[PDB]
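K.L.:
only geometry, no sequence info:
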Ligand SMILES: [Zn+2]
(Lines give C-alpha, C1' and ligand atoms only; values in the text may rest on other atoms or scores of the structure.)
Protein backbone atom coordinates (compact mmCIF):
# COMPACT_ATOMS: atom_id res chain seq x y z
CA UNK A 1 0.00 0.00 0.00
CA UNK A 2 1.04 3.68 0.03
CA UNK A 3 -0.88 6.05 2.35
CA UNK A 4 1.74 8.50 3.68
CA UNK A 5 0.40 11.16 6.09
CA UNK A 6 0.74 14.28 3.91
CA UNK A 7 -0.42 17.78 4.88
CA UNK A 8 -1.76 19.93 2.00
CA UNK A 9 -3.19 23.46 2.60
CA UNK A 10 -0.03 25.58 2.56
CA UNK A 11 2.23 25.79 -0.52
CA UNK A 12 4.55 22.76 -0.84
CA UNK A 13 3.97 18.97 -0.69
CA UNK A 14 6.46 16.07 -0.32
CA UNK A 15 6.55 12.45 -1.53
CA UNK A 16 8.11 9.22 -0.20
CA UNK A 17 9.80 6.13 -1.66
CA UNK A 18 12.26 3.44 -0.50
CA UNK A 19 14.98 6.08 0.17
CA UNK A 20 13.45 9.32 1.63
CA UNK A 21 10.99 12.15 0.77
CA UNK A 22 11.43 14.97 -1.78
CA UNK A 23 9.92 18.49 -1.85
CA UNK A 24 7.32 19.82 -4.40
CA UNK A 25 5.49 23.18 -4.83
CA UNK A 26 1.83 23.49 -5.95
CA UNK A 27 2.22 26.22 -8.62
CA UNK A 28 -0.78 26.97 -10.89
CA UNK A 29 -2.45 23.98 -9.10
CA UNK A 30 0.32 21.49 -9.97
CA UNK A 31 2.89 20.33 -7.33
CA UNK A 32 6.20 20.60 -9.28
CA UNK A 33 9.27 18.50 -8.46
CA UNK A 34 12.29 16.85 -10.14
CA UNK A 35 12.23 13.19 -11.36
CA UNK A 36 15.49 12.57 -9.36
CA UNK A 37 13.57 10.05 -7.20
CA UNK A 38 9.81 10.73 -7.37
CA UNK A 39 9.10 7.13 -8.51
CA UNK A 40 7.91 6.22 -12.03
CA UNK A 41 5.08 3.92 -10.85
CA UNK A 42 1.78 5.10 -9.27
CA UNK A 43 2.95 7.87 -6.88
CA UNK A 44 1.20 8.11 -3.47
CA UNK A 45 -1.10 10.89 -2.18
CA UNK A 46 -2.58 11.74 1.23
CA UNK A 47 -5.60 9.54 0.35
CA UNK A 48 -4.87 7.85 -3.01
CA UNK A 49 -2.16 7.64 -5.67
CA UNK A 50 -1.38 10.88 -7.57
CA UNK A 51 -2.36 10.76 -11.27
CA UNK A 52 0.76 11.51 -13.34
CA UNK A 53 0.30 14.43 -15.78
CA UNK A 54 3.62 16.29 -16.24
CA UNK A 55 7.04 14.61 -15.80
CA UNK A 56 10.20 15.17 -17.85
CA UNK A 57 13.40 14.31 -15.83
CA UNK A 58 16.15 17.04 -16.01
CA UNK A 59 16.19 19.97 -18.49
CA UNK A 60 12.39 20.06 -17.97
CA UNK A 61 10.21 19.32 -14.80
CA UNK A 62 7.54 17.13 -13.13
CA UNK A 63 4.28 18.69 -11.91
CA UNK A 64 1.38 16.44 -10.87
CA UNK A 65 -2.06 17.91 -10.16
CA UNK A 66 -2.61 19.22 -6.65
CA UNK A 67 -6.36 19.21 -5.98
CA UNK A 68 -6.28 18.32 -2.25
CA UNK A 69 -6.99 21.94 -1.21
CA UNK A 70 -3.49 22.67 -2.59
CA UNK A 71 -2.61 26.39 -2.74
CA UNK A 72 -1.71 27.33 -6.34
CA UNK A 73 0.89 30.12 -6.63
CA UNK A 74 1.49 32.01 -9.92
CA UNK A 75 4.28 33.33 -12.19
CA UNK A 76 6.79 35.90 -10.82
CA UNK A 77 6.50 39.58 -11.81
CA UNK A 78 8.25 41.46 -8.97
CA UNK A 79 10.61 44.45 -9.23
CA UNK A 80 13.50 43.18 -7.05
CA UNK A 81 15.01 39.66 -6.77
CA UNK A 82 15.26 38.86 -3.03
CA UNK A 83 13.74 35.35 -2.79
CA UNK A 84 13.40 32.78 0.03
CA UNK A 85 14.20 29.13 -0.88
CA UNK A 86 11.34 27.43 1.01
CA UNK A 87 12.22 23.89 2.16
CA UNK A 88 9.66 21.16 3.03
CA UNK A 89 9.69 21.69 6.83
CA UNK A 90 9.23 25.41 7.68
CA UNK A 91 12.76 26.56 6.78
CA UNK A 92 13.30 29.35 4.20
CA UNK A 93 16.59 31.11 3.28
CA UNK A 94 17.05 34.47 1.52
CA UNK A 95 18.43 34.30 -2.06
CA UNK A 96 19.87 36.95 -4.39
CA UNK A 97 18.97 36.42 -8.09
CA UNK A 98 22.25 35.92 -9.97
CA UNK A 99 20.99 35.02 -13.46
CA UNK A 100 18.25 33.21 -15.39
CA UNK A 101 16.86 30.34 -13.29
CA UNK A 102 19.46 30.88 -10.52
CA UNK A 103 20.00 32.84 -7.28
CA UNK A 104 22.65 33.35 -4.62
CA UNK A 105 22.68 32.08 -1.02
CA UNK A 106 23.28 34.89 1.53
CA UNK A 107 24.62 32.61 4.31
CA UNK A 108 27.00 29.63 4.31
CA UNK A 109 24.57 26.67 4.31
CA UNK A 110 25.57 23.05 3.95
CA UNK A 111 24.47 21.69 0.57
CA UNK A 112 23.57 18.37 2.31
CA UNK A 113 20.73 20.31 3.99
CA UNK A 114 19.61 21.37 0.53
CA UNK A 115 19.59 17.72 -0.58
CA UNK A 116 16.02 16.47 -0.04
CA UNK A 117 14.34 19.90 -0.34
CA UNK A 118 14.57 19.83 -4.19
CA UNK A 119 11.50 21.66 -5.52
CA UNK A 120 11.76 24.56 -2.97
CA UNK A 121 9.79 27.33 -4.64
CA UNK A 122 11.81 30.57 -4.74
CA UNK A 123 9.55 33.47 -3.70
CA UNK A 124 10.64 37.12 -3.89
CA UNK A 125 8.92 38.83 -0.90
CA UNK A 126 5.71 37.05 0.26
CA UNK A 127 4.01 35.18 -2.60
CA UNK A 128 4.51 35.21 -6.42
CA UNK A 129 6.42 32.01 -7.31
CA UNK A 130 9.73 32.55 -9.09
CA UNK A 131 10.92 28.96 -9.68
CA UNK A 132 11.82 25.78 -7.70
CA UNK A 133 15.05 24.44 -6.23
CA UNK A 134 16.34 22.10 -8.98
CA UNK A 135 19.89 22.06 -7.57
CA UNK A 136 22.29 24.26 -5.58
CA UNK A 137 25.62 25.56 -6.90
CA UNK A 138 27.63 24.51 -3.85
CA UNK A 139 31.27 24.23 -2.76
CA UNK A 140 32.73 21.36 -0.63
CA UNK A 141 29.52 20.58 1.38
CA UNK A 142 28.71 24.32 1.59
CA UNK A 143 26.13 25.84 -0.73
CA UNK A 144 26.85 29.30 -2.20
CA UNK A 145 24.34 29.78 -5.04
CA UNK A 146 21.06 28.17 -6.18
CA UNK A 147 20.15 26.16 -9.29
CA UNK A 148 16.45 26.96 -9.80
CA UNK A 149 14.05 26.66 -12.75
CA UNK A 150 11.60 29.55 -13.07
CA UNK A 151 7.89 28.72 -12.43
CA UNK A 152 7.09 30.19 -15.88
CA UNK A 153 9.05 27.54 -17.83
CA UNK A 154 6.95 24.84 -16.04
CA UNK A 155 4.05 26.12 -18.19
CA UNK A 156 6.15 25.31 -21.28
CA UNK A 157 6.92 21.85 -19.85
CA UNK A 158 3.20 20.87 -20.20
CA UNK A 159 3.44 21.25 -24.02
CA UNK A 160 6.04 18.47 -23.87
CA UNK A 161 3.75 16.22 -21.77
CA UNK A 162 0.25 15.92 -23.31
CA UNK A 163 -0.89 12.26 -23.59
CA UNK A 164 -4.32 13.68 -24.58
CA UNK A 165 -5.20 12.59 -28.17
ZN1 LIG B 1 9.56 37.41 -8.21
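P.N.:
Cool, got the structure. Numbering: from 1, shown residues only.
K.L.:
residues touching residue 30, list them.
P.N.:
Residue 30 makes contact with 53-54, 63-66, 72, 154, according to CB atoms under 8 Å, 6 or more residues apart in numbering. C-betas here are computed from N, CA, C, even on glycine.
K.L.:
the same query, at a cut-off of 7 Å, please.
P.N.:
54, 63-66 (CB atoms under 7 Å, 6 or more residues apart in numbering).
K.L.:
check residue 130 too.
P.N.:
Neighbour list for residue 130: 76, 83, 122-124, 150-151 [criterion: CB under 7 Å, 6+ apart].
K.L.:
now it: how far from the ion?
P.N.:
Distance of residue 130 to the ion, computed by CB to the ion, to the nearest Å: 4 Å.
K.L.:
my read is that residue is in a strand, agree?
P.N.:
Yes. Remark: residue 130 belongs to a strand, assigned using DSSP: H, G, I helix; E, B strand; the rest coil.
K.L.:
so which of the contacts of residue 130 belong to strands?
P.N.:
Here DSSP state E is the test, and the contacts of residue 130 give 83, 122-123, 150 as lying in strands.
K.L.:
may I ask which two of those are separated the most?
P.N.:
123 and 150 (12.1 Å; CB to CB).
K.L.:
okay, the two: which has more neighbours?
P.N.:
For residue 123 versus residue 150, neighbours defined as other CB atoms under 10 Å are more numerous around residue 123 (24 against 18).
K.L.:
SS state for residue 112?
P.N.:
Assignment for residue 112 (three-state DSSP): helix.
K.L.:
for the nearest residue to it once chain neighbours are set aside, phi and psi?
P.N.:
Nearest residue to residue 112 in three dimensions, chain neighbours excluded: residue 141, at 6.3 Å (CB to CB, 6 or more residues apart in numbering). The phi/psi pair for residue 141 (degrees, to the nearest 10) reads phi 70, psi -20.
K.L.:
would you check that residue 141 makes contact with residue 111?
P.N.:
Yes. Residue 141 lies in contact with residue 111 (CB atoms under 7 Å); the separation is 6.0 Å.
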